[PDB]
Structure formats: C-alpha cells, structure tokens
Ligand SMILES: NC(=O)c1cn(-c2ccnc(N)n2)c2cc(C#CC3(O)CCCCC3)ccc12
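What follows is one chain in structure tokens, specifically the form deposited without this ligand.
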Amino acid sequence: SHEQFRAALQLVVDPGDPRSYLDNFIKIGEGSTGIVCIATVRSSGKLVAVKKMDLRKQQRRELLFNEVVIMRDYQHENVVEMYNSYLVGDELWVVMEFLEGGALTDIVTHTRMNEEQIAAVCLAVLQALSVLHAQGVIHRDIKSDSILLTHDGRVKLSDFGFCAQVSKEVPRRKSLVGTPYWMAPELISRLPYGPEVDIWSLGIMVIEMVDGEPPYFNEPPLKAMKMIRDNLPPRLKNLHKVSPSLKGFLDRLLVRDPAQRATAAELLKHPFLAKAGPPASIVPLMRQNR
C-alpha cells in the first residue's frame, strides 16, 4: 500500500520539516519524476533548489530510495550536491545546490555550440562519471536535461533519481531504467548491464550538442527504442560539419558492444578533450547572455 511505502521511506530520509527553514518556493521546471523549485533559506536569504516527487505518480516507486541513500554526503566539483531529503505528506523533497545557469537543454535547443564548448561539457561529465563509476554508481539518465550550469559556466551533473549502485557481489543491474532516446542498446536488450550504459547515453548527448536533438526524436518512444535496439549506431545529421577529432571521440562512445565501448577513465585521455575551453567559454551560451 501507499502508506506502507510512505512509512518505509520515512525511515531513510532526514527527520523534520524543510518548510520551517525554507520559504518563497518558485517552480522553475518539471521532469519525469516531479518538479524543481527555487527556495530561499529563511535565515540567510540564500537560494537553494528543491525537487519534489509525488509518491503516487512514479512509474517505479521503489526507485525513490536510490538517490536519497546513494548520493548522501557525496561531494564532487562536477556533481550537484544533495544536502537533505524529507518526506512531506505524499511527496519526497530533496534539497540541493542551486545551479543558477540552468540546464544544457536550453542551450542545445536555441544555440549552436562549438567544439571547444562541447569538449568542455564532455570533460566535466567524464570527470564526474569516472569517480562515480569507480564507486559503482550508475547514473542511468545522462542527457542534456541532467547537465546544469553555474553563472560562470561551470558544468555539474544532476538528476540522479534513476541512479543505481552495483557491487562486487551484484556487479550488474537489469531494470529497464532511463529516457527512451538516450538508452543503451544492451540495457534495452536486457543484458545484465553496468556503468557502460552511461557512456552510450553521453554519446547521444553529444548528438544533441551537434544536431540539436537525439536520434529518432520524432518517433514514438517505444518505436525509437526498437530502432535503437535493432539498428547500427546512429549517425550525426551534421556529420559533414564536425572535426575528425569529434567523430573519432564519438566512435568510442557509440559502440554497440559494451565490452568494446570506451570507459570514462579511458576517454579522459582522448585528444578531443584537448579542445576543452575553460568555464568562461561556456558563459556566452546561456540565455541571459546571448
């Protein structure tokens, strides 16, 4: 039952009420699992982010345990910090670092990123994934919507609600978890999968940054997932515009066989990332500056 689930979740979250120390909630976004708000810390005026997920409106309710446990006390410069989690009525609230620059999705849909900028984003995400994967954490929802920015162009990975933990005893997952257009073929094909699925999804995000949208985006999700499952790796619509370096980099991400797909640690040494600009190079892309 719902109440049986609520009781269990209460045991894992932090005690108390964030409505006692936060106010002035402003909804600024919505995702598959819930909404994201800006809130003000009453004592200081500091802005934080709060995501709110309705326990009754999840495709898979049990996934709500994952982020609140796995990412508790996690600190990395390219990962959005989670501060606390709470059960507030029928909603899970997660209080997090506020990334005032917004998400990469606005950028890929309204601008044309150059390769210095694309390399900067990939380097930041790969730095994050290399450390996460080494600890057995799989993100499972890598896409532009999950990449957030600071006002000065620093890049941080967020949206860990679909994440998973693997171990020496249980090295792979089986759940069909992710966002259709970005899902790895072996995940779609129910091969016990590992961290490698994030590397495929990153490749699809590179397609977003080059083309503006992922492959098969005009198709229904189920149809698209079948095409991802059955067809050869997807091609860039704008292939003729990209450097040999970017194409070679992308060829190591969008490898159909997980065992031959590059790992995050390997990709950090790839020549394409030599093109990466500093945070300043990203700043002109954000809505408030263009």
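So that the term is clear: the rigid core is the largest set of C-alpha atoms that superpose within 1.5 Å between two forms. One-based numbering along the sequence shown.
What follows is about the form solved in complex with this ligand, which we do not show.
Residues of just one listed stretch (189-197, 156-164, 209-217, 117-125) have heavy atoms within 4.5 Å of this ligand in the bound PDB entry: 156-164. Of the residues given (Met113, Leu87, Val131, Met71), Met71 alone sits with a heavy atom within 4.5 Å of this ligand in the bound PDB entry.
The single contact residue among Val108, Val94, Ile138, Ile204, judged by any heavy atom lying within 4.5 Å of this ligand in the bound PDB entry, is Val94. Under a 4.5 angstroms non-hydrogen atom cutoff, this ligand in the bound PDB entry has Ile28 among its neighbouring residues.
Using a 4.5 angstroms limit between non-hydrogen atoms, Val36 touches this ligand in the bound PDB entry. This ligand is not shown here, and in the bound PDB entry it never comes within 4.5 Å of any heavy atom of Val255. In the bound PDB entry, at least one heavy atom of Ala49 sits within 4.5 Å of this ligand.
Rigid-core fit between this form and the one not shown: of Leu267, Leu9, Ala276, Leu22, the one residue whose Cα shifts 2 angstroms or more is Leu9. Once both forms are fitted on their rigid core, the CA atom of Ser32 lies 2 Å or more apart between this form and the one not shown.
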